[PDB]
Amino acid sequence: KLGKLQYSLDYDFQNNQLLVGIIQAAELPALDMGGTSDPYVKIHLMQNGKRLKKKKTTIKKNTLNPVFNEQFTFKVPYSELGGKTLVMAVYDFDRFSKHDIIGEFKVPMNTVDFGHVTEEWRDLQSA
């Protein structure tokens, strides 16, 4: 009902940094009588529950299926990746009002083998 987001996870062993790719979103909700939204994505890195770092994509105006193909880096020692959780939230930009959250999801990293590039779609959940 709230759309879905395709992302990738990788680790740059040449720079010791987690690589998070925001590829695209699909099937985002509109708000009226054939409207659109202005989506962007915010990414949070957490240690247990403690927020540490954050990133934001550019804004794709007037679309329900934005294609970002944007990459973000977090300096984290490989040893310390497992304690982390990623939060990815899709927001609707507005010029004058609050930017409402369309939806979000969380990705614990303790189950992830970073010898691989992980790529998946995840359905957005209400915040």
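Note that residue numbering follows the sequence shown and begins at 1.
The deposited model assigns a higher average Cα B-factor to 13-21 than to the other stretch when 106-114 and 13-21 are compared. As the entry records it, the average C-alpha temperature factor is higher for 29-37, out of 80-88 and 29-37. Remark: of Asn69, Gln47, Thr58, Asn65, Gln47 shows the highest value [criterion: C-alpha B-factor in the PDB entry]. Per the deposited record, the Cα B-factor of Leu124 falls in the lowest third when ranked against the other modelled residues of its chain. Sort the chain's modelled residues by C-alpha temperature factor and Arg51 lands in the middle third, per the entry.
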